[PDB]
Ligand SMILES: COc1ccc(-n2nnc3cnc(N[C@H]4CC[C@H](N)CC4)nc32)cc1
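Just the one chain here, the form solved without the ligand, laid out as structure tokens.
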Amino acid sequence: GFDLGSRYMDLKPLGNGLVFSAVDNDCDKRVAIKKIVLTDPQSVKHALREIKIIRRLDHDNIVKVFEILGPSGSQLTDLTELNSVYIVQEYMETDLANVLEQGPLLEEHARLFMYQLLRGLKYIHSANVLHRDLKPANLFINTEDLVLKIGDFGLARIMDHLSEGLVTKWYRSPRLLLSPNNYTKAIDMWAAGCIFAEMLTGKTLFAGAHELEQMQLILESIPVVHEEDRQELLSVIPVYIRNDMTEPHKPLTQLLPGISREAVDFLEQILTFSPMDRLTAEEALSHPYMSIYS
């Protein structure tokens, strides 16, 4: 119903209305608009890093950016003299989290979406861009075409007051839990493995409520095969978890009951404890299970 600037019309919020649907009046096309509130200098730094990363990305499996708007909704030409900025971008029908709320995918859909996620990751990793917040809610779906696009580069960095409690732990790799300051390509790949499993089952694979429970759940199901890893872990993790990892639990195959052997075998090459053993996005795309799409 509301106008933003001289160009965007019929703004309707898409609980938390900082994300709107709007019509671009120069084309009469539906777009998405994210309002970004510039509160602190830690909020200006997060806005600017996000804007720089998203501007440089054009790929079939990445949400397109159209425009950056200033507080009044007029276009920016290239800013801590500003209370707010808007990001105008491709309107997407839904996100993978909304899809998985209605149950698991057929393997054929999970596989096709995985092939798109990996193609998106190969691209952003080639630009040395780490996403750092891969989860179903940041994977946008057009259901008619079965197109998956990676969006919400809010937490993204060029590889080179935490709000820790607002970051979901479910898609975090063992190395990210042990070494929290350092994002890597391999950390994105671990999250893609967890998202593949969730598409197959409709359930979070490792649903820990904090870092420690997340590590416990991963150790219950994923073996530590390198001595170097085992020694680091033994010196960091508490007694009850160390006890728990010599107790019997379900392996990956039993967390994915009735899923084809080929899907589980592919997944076992992504959900390796060590990133040294883990398929890169490029290696994953060239694995037989995925090369059927190439």
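Quick note: we count residues from 1 along the sequence shown, nothing fancier.
What follows is about the form solved in complex with the ligand, which we do not show.
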| message | Between 92, 110, 100, 177, only one gets a heavy atom within 4.5 angstroms of the ligand in the entry with it bound; which residue is that? | response | 92
| message | Would you classify residue 190 as touching the ligand in the entry with it bound, given a 4.5 Å non-hydrogen atom cut-off? | response | no
| query | Heavy atoms within 4.5 Å of the ligand in the entry with it bound: does residue 19 have any? | reply | yes
| Is there any non-hydrogen atom of residue 263 lying within 4.5 Å of the ligand in the entry with it bound? | no
| query | Is residue 32 close to the ligand in the entry with it bound, meaning a heavy atom pair under 4.5 Å apart or at it? | reply | yes
| query | the ligand isn't shown here, but in the entry with it bound, which of 220 to 228, 82 to 90, 181 to 189, 194 to 202 has heavy atoms within 4.5 Å of it? | reply | 82 to 90
| said: Given a 4.5 Å distance limit between heavy atoms, list every residue of 116 to 145 close to the ligand in the entry with it bound, or none if there are none. | reply: 140
